[PDB]
Undergrad: 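My questions will all concern the structure given below.
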There are 4 protein chains.
Amino acid sequence: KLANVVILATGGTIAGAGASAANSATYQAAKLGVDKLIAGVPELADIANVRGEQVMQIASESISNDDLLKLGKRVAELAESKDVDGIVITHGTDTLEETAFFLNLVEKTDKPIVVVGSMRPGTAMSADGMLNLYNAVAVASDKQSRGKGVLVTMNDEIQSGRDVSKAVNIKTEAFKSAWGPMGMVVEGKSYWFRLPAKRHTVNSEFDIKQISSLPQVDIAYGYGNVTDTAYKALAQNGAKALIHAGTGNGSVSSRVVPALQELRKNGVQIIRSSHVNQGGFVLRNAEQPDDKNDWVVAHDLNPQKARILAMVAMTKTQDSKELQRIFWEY
Amino acid sequence: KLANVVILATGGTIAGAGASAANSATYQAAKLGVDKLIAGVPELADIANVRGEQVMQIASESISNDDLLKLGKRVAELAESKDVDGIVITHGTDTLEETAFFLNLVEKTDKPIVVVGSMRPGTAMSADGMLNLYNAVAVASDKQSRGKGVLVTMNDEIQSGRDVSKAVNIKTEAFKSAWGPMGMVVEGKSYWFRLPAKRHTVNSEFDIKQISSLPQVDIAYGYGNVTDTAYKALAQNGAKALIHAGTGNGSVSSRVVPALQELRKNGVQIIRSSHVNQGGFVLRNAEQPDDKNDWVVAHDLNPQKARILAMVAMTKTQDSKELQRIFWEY
Amino acid sequence: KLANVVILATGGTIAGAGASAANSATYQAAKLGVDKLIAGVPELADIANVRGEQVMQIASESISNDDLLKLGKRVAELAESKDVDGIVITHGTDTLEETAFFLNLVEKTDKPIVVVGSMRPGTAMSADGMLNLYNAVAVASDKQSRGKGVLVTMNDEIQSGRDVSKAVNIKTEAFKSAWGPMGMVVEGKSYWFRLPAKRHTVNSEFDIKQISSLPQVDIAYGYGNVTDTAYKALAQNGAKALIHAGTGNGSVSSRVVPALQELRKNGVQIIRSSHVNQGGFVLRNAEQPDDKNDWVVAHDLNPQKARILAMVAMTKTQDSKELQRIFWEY
Amino acid sequence: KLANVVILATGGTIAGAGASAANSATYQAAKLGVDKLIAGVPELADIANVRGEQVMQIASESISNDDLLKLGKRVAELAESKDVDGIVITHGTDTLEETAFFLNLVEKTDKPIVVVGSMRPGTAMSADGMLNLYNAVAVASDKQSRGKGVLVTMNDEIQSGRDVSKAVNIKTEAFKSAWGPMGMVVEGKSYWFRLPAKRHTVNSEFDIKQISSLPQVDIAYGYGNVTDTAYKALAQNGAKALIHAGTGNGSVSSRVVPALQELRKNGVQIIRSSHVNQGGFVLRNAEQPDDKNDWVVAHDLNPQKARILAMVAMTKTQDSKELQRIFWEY
């Protein structure tokens, strides 16, 4: 008996088209409906009972918080159904890593949730999307996937939705984690080498069923001669937390520290992330006196991931010590 | 006869101190004077005739354009001296990559220029600074380094100052290039495997000797639910170019495109970079219609590198086609 | 109330000495006794109650099966002692990955076992051994290390002894896993990101206490124009299994297949590994008909790791199906 | 207008076929003839005037020295023709890296030579071979390729034939170099970032036009408890040089040193390579006294590359000092 998998389509390159077969990089995203994606991979019927829903049809660089809530809530309804064994979400690659981490935090289900895209449109020579979709459905239909948290199945890899990131442009090996792939998927079969250590899905303190709005969180970049301008402007326009994408170990310019102190006193959470994204993490109290300033370090999380965690966390708490525990457990 | 090498100290972890030998990650930067650094490595006298100058004493996260120009002008004066064969700059790691690329663009000399730092302070157990500085002096004294552009000598590697970046936090292998190390330095000897392809130093059309001050350039991040606020605020407070650190292939939110069109119409250069920094590059006319909008793509350059090239380039031209040529040649 | 950690010294570069501080790569291994190593890191007193035993004093490229067994039996005795909370083994880097996998398979304990070396001798500028040994003792004394299997703590990383390998020559970042580091160790503290998925230590079917001597297993290389000569010679001088370090996916030359069929018919196990060691795995029945020939694939395990597992597996079974199961579970 | 490109087919996965579309890893190699290969990519006619020759039809794991010589001599004949601008060789991936280095050493032409394969057969879902072949023909027709030495064009990359290696099994990003890709190929266009440093093609002292036979060279592996058996057997069966694939920095067991000394006195060249293939190199006189023993180190070259260079080099010299020079220049 085959697993019941639902594919939730959101758009992306995987649903895209280029003018010619040699257009692997210049294309229009989000053109094909979910039923055309499914019919494009007839071998899906060999591995699962598949049906599709069009949740939205967007280029993922323009995704909104409202899109995330709509998708999170539809994933929760499907996961609660006895007729659903696994869920695949087809997604643009640009913000795939943000959606995957979001769902990893707010979906309290051990049913497999797989997020997948492609780096080339389905019209291109050697398009990667067909096999990525096949692999996603294979992983969503595998008992081995239960309880593993949200997964991403590109480039024959099983990556954790927590810490996989789009790290390489153009190439099909775009998605990498500092902590490695957890497995590989080859000819429909899953091979596992690592397990998640961080809190996710069924062991998460967050639940999409209790979230009807997300706090506004924005991101400012650190660099030589940076000023406090972007930090102040983002807060003046409603940011409840600022993710600092610092140089090095979340380092803050002497030009910017005084603004961040004023902003924290005014209730803006200050979360130190970095643009040093291949490995390591940001250490509390090392580059800045986080205890004295009541700031938070983002640990290993890149700025756009730290934004996702901060927004979900701030649905429940504004206690900077609780936010720091969250950044250490998820 | 030994080469004459001048060490220009600017501060950094390499000049830093922690409370104990176990403090490899929690330290105070820019505590030690250049004569103490040099005395810390008595083996330097075996490979070169070294002297030191204290140009500044900063944590590199707080570097300014004024600091870049002071260093750049001092490097120029020493490069013009018949008494100088090579130059080493000791620098904090957080913005080392920005200074190294700046010097690569504006120093019209074939004399070796090496930028070096340490990931651990010199007080730490297994501190990396001593052998990194030894290696920097060895490479700056090597005839094989002439004409290779600015080099970075950490982790026993010879990296190009153009495209090396701080990519891994905490670990001594922090500095990586998408295009690989060009060589290694072991037991004072240099071993080469690749040469630079891009324009630098003697073949650059730019010269520090004509630059009195640099154009203001700022960087805004792209992520889910990003708005145009940072972009507009940075331009309102003097930015002559904005580096867009986009998702994926320099992608721009539909919420942000109209602001960037209006800023370009009002004379602000719009340069599409990305936070996808491990490999690939941003392709002109793929994610956005750069020709229609008169925008520029940053090619493979990460945001902070793209800011440095934009500043130097804009001392010569306001023509977006010329800027694009420069982003494809340097 | 500090953990009791025993350091078992076996030699290596970490116990080595070079002629001068600039000799990071040219040195004599296995010169310093364990008490000098310990006394070289006085900070060890802050984190554990440490004592040293000299098990052997070798360059690890010359390790024998007799040496492995001697170390494995002494590790078992110490693990069984109420007075020992954790075990550190100082080792040459060349075969560290072999010893670490061996102990992971045969030590039926959840007490931390850490194997550590250095890429530079302790006489070198910026020697890595001091912080590597401090980190090893910190990890061996950490409650988070219990039940995680054998760990390798170099370059500030917590690597699984199963699949970490010496992958980079010269540099301190020598040890890598295809499946990523599991964690990091910074300023004595362990930060975890992944858990092991494969069988080890307390959940292993193997136990050093029943092993009197290991079976002879040898390795032969695959390359253009390779012949059957090495395979036949190693079997003629005692090999009970042959690890084939094939090109690609364990591929075998048409000039070698007949010899390996004859060797299997005569009772020699044939295990297909590869020299493609940065990622992926060898797939059963893909490049060769393993079912028809009664051969075994080594999965993701490199040749020298596959040898270790074959030796341990063959103390229990001669059944090629059971050997394949073992290659898929460990 | 268009370049004249000749495709020399040798077999491999790129010419392979599997049972179904989801057979990406289980296929039969070397099934499709060159004229079907070319007809499978109708877009080639947009970028070049292409014609095909079937040079051989083999699984590359079974390649012989006679095969290399036949291919090398055909390439020379086509290079010398005014009607050929560029050459593409379709090849199995298992020994692609060996053929690419061989042609880099012996083809004294500045005309582009590109070697290309695929990791999935052309019958498979999301097969990589079509775009790989398009890119190879694009690179072979590009003026930027002239004088760059032999290139390998997989995974959107331009890799040097010298030091690209099959490093990852299964995945399309299989081919990696320690020293980085030199460029990328995207939508038919070549983007360069590095140049070669080592001797090749027109600056090679070697020429296929003067080579009618290749000395027999074989490879033995180093590991724990290794003996001299494989070394002695390989030399007894005609090896004129032995590539030692050592642990670490080409290290040799104390149980193998005396055999290698006796073999060197008997005229067998001893070349120390390693199975440490992700970075670094084997340093002369470090792990063994190469001057005293008259041995050679393979520098950064992996064992199968070192075999190719030794075979070519020993067409000209058996002076160990000249061979070492060649291992330091090529």
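Below, chain A is the first sequence line, B the second, and so on; all start at residue 1. Every heavy atom of this structure was used, including side-chain atoms; hydrogens, water molecules and symmetry mates were not.
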Undergrad: Report, as yes or no, whether the 6.0 Å neighbourhood of atom NZ on B/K73 holds more than 12 heavy atoms from other residues, nucleotides or ligands.
TA: yes
Undergrad: Under the salt bridge (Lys or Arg N to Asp or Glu O under 4.0 Å) rule, what pairs show up with a residue in residues 37-51 of chain B, not counting sequence neighbours?
TA: B/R51-B/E53
Undergrad: Within the structure provided, determine whether B/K111 and B/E80 are in side-chain contact (heavy-atom separation under 4.5 Å).
TA: no
Undergrad: Could you please spell out the steps behind the side-chain contact (heavy atoms from CB on, under 4.5 Å) verdict for D/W192 and D/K148?
TA: CA-CA 11 Å; D/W192 285 79; D/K148 295 295 200 283; 3.6 Å; yes
Undergrad: Would C/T26 and C/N23 count as having a side-chain donor-acceptor pair, cut-off 3.5 Å?
TA: no
Undergrad: Could you tell me if the side chain of B/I87 sits less than 4.5 Å from the side chain of B/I7, heavy atoms only?
TA: no
Undergrad: Identify the heavy atoms of B/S126 and C/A127 that sit nearest to each other, and give their distance.
TA: OG-O, 2.8 Å
Undergrad: With a 4.5 Å cut-off on side-chain heavy atoms, are D/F101 and D/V164 touching?
TA: no
Undergrad: Are D/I271 and D/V297 side-chain neighbours, meaning at least one heavy-atom pair lies under 4.5 Å?
TA: no
Undergrad: On the 0 to 90° scale, with breaks at 30° and 60°, tag the B/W179-D/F193 ring pair as parallel, tilted or perpendicular.
TA: parallel
Undergrad: When you compare the side chain of B/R194 with that of D/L195, does any pair of heavy atoms fall below 4.5 Å?
TA: no
Undergrad: Are D/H299 and D/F327 an aromatic pair by the rule of ring centers under 6.0 Å?
TA: no
Undergrad: If you count the non-hydrogen atoms of other residues, nucleotides and ligands that lie under 6.0 Å from NZ in B/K31, is the total more than 12?
TA: no
Undergrad: Using the rule given for side-chain contact (heavy atoms from CB on, under 4.5 Å), can you reason through D/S160 versus D/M182, listing the C-alpha separation, both sets of side-chain angles and the distance that settles it, and then say yes or no?
TA: CA-CA 7 Å; D/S160 185; D/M182 298 196 296; 3.8 Å; yes
Undergrad: Does either side chain, that of D/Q324 or that of D/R284, offer a donor lying less than 3.5 Å from an acceptor on the other one?
TA: yes
Undergrad: To the nearest 0.5 Å, what is the distance between CE (C/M119) and CD (C/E173)?
TA: 9.5 Å
Undergrad: Would you please test C/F175 and C/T93 for side-chain contact (heavy atoms from CB on, under 4.5 Å) and show each step?
TA: CA-CA 9 Å; C/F175 281 84; C/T93 59; 3.8 Å; yes
Undergrad: Hey, does the side chain of B/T315 reach the backbone of B/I211 with a donor-acceptor pair shorter than 3.5 angstrom?
TA: no
Undergrad: Has B/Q144 got a side-chain atom pairing as donor or acceptor with B/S190's backbone, closer than 3.5 angstrom?
TA: yes
Undergrad: May I ask you to check whether B/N49 and B/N4 show a side-chain donor-acceptor distance below 3.5 Å?
TA: yes
Undergrad: Closer than 3.5 angstrom, by distance alone: can the side chain of C/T123 be matched with the main-chain N or O of C/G18 as a donor-acceptor pair?
TA: yes
Undergrad: Please examine the side chains of B/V152 and B/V114, heavy atoms only from C-beta on, and report whether any two atoms are closer than 4.5 Å.
TA: no
Undergrad: Do B/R307 side-chain atoms and A/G224 backbone N/O form a donor-acceptor pair below 3.5 Å?
TA: yes
Undergrad: Would you say A/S251's side chain and B/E61's backbone share a donor-acceptor pair under 3.5 angstrom?
TA: no
Undergrad: Can you tell me how far NE2 of B/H200 sits from NZ of B/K198, rounded to the nearest 0.5 angstrom?
TA: 12.0 Å
Undergrad: Indicate the atoms forming the closest heavy-atom contact of C/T13 with C/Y27, along with that distance.
TA: OG1-OH, 3.2 Å
Undergrad: Can you check side-chain contact (heavy atoms from CB on, under 4.5 Å) on B/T90 and B/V116, steps first, answer last?
TA: CA-CA 5 Å; B/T90 59; B/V116 69; 4.0 Å; yes
Undergrad: Would you indicate whether B/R146, at its atom CZ, is surrounded by more than 12 heavy atoms from other residues, nucleotides or ligands within a distance under 6.0 Å?
TA: no
Undergrad: State the CG-CG distance between B/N169 and A/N277, to the nearest 0.5 angstrom.
TA: 8.5 Å
Undergrad: Which atom names give the shortest non-hydrogen contact between D/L283 and D/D290, and what distance separates them?
TA: O-OD2, 4.3 Å
Undergrad: List the steps, then state whether salt bridge (charged side-chain N to carboxylate O under 4.0 Å, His left out) holds for D/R162 with D/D300.
TA: CA-CA 11 Å; D/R162 177 197 183 262; D/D300 64 312; 2.8 Å; yes
Undergrad: Between the side chain of B/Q54 and the main-chain N/O of B/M56, is any donor-acceptor distance below 3.5 Å?
TA: yes
Undergrad: Looking at every non-hydrogen atom in both residues, tell me the closest pair between B/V5 and B/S141 and how far apart they are.
TA: CG2-CB, 4.2 Å
Undergrad: Can you name the nearest heavy-atom pair linking C/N132 to C/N155, along with the distance?
TA: OD1-N, 3.4 Å
Undergrad: Can you list every pair that meets salt bridge (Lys or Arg N to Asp or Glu O under 4.0 Å) and has a residue in residues 118-135 of chain B, with sequence neighbours left out?
TA: B/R120-C/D156
Undergrad: Decide whether B/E205 and B/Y330 meet the rule of one side-chain donor and one side-chain acceptor closer than 3.5 Å.
TA: yes
Undergrad: Calculate, to the nearest 0.5 Å, the distance between atoms NZ and CG belonging to D/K305 and D/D163 respectively.
TA: 6.5 Å
Undergrad: Checking B/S273 side chain against B/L301 main chain: does a donor-acceptor pair fall under 3.5 Å?
TA: yes
Undergrad: Please round to the nearest 0.5 Å and tell me the distance separating atom NZ of C/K176 and atom CD of D/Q278.
TA: 6.5 Å
Undergrad: Please report the interatomic distance CD(B/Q159) to CD(B/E97), rounded to the nearest 0.5 Å.
TA: 11.5 Å
Undergrad: Under the 3.5 angstrom rule, does the side chain of B/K70 hit a backbone N or O of B/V55 as a donor-acceptor pair?
TA: yes
Undergrad: Keeping the roles fixed (side chain from D/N104, backbone from D/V150), state whether a donor-acceptor pair exists under 3.5 Å.
TA: yes
Undergrad: Please tell me if the side chains of B/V75 and B/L78 come closer than 4.5 Å, counting only heavy atoms from C-beta onward.
TA: no
Undergrad: Does any donor atom in the side chain of B/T10 or B/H91 lie under 3.5 Å from an acceptor atom in the other side chain?
TA: no
Undergrad: Using every non-hydrogen atom in the two residues, find where A/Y223 and B/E98 come nearest and quote the distance to one decimal.
TA: CA-OE2, 3.9 Å
Undergrad: Got more than 12 heavy atoms from elsewhere within 6.0 Å of NZ, B/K189?
TA: no
Undergrad: Ignoring hydrogens and geometry beyond distance, is a side-chain donor-acceptor pair present between D/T247 and C/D94 at under 3.5 Å?
TA: yes
Undergrad: Hey, does the side chain of B/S165 reach the backbone of B/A167 with a donor-acceptor pair shorter than 3.5 angstrom?
TA: no
Undergrad: Would a 4.5 Å heavy-atom cut-off, applied to side chains only, mark B/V312 and B/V106 as touching?
TA: yes
Undergrad: Can you establish whether the number of heavy atoms outside B/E187 located under 6.0 Å from its atom CD is more than 12?
TA: yes
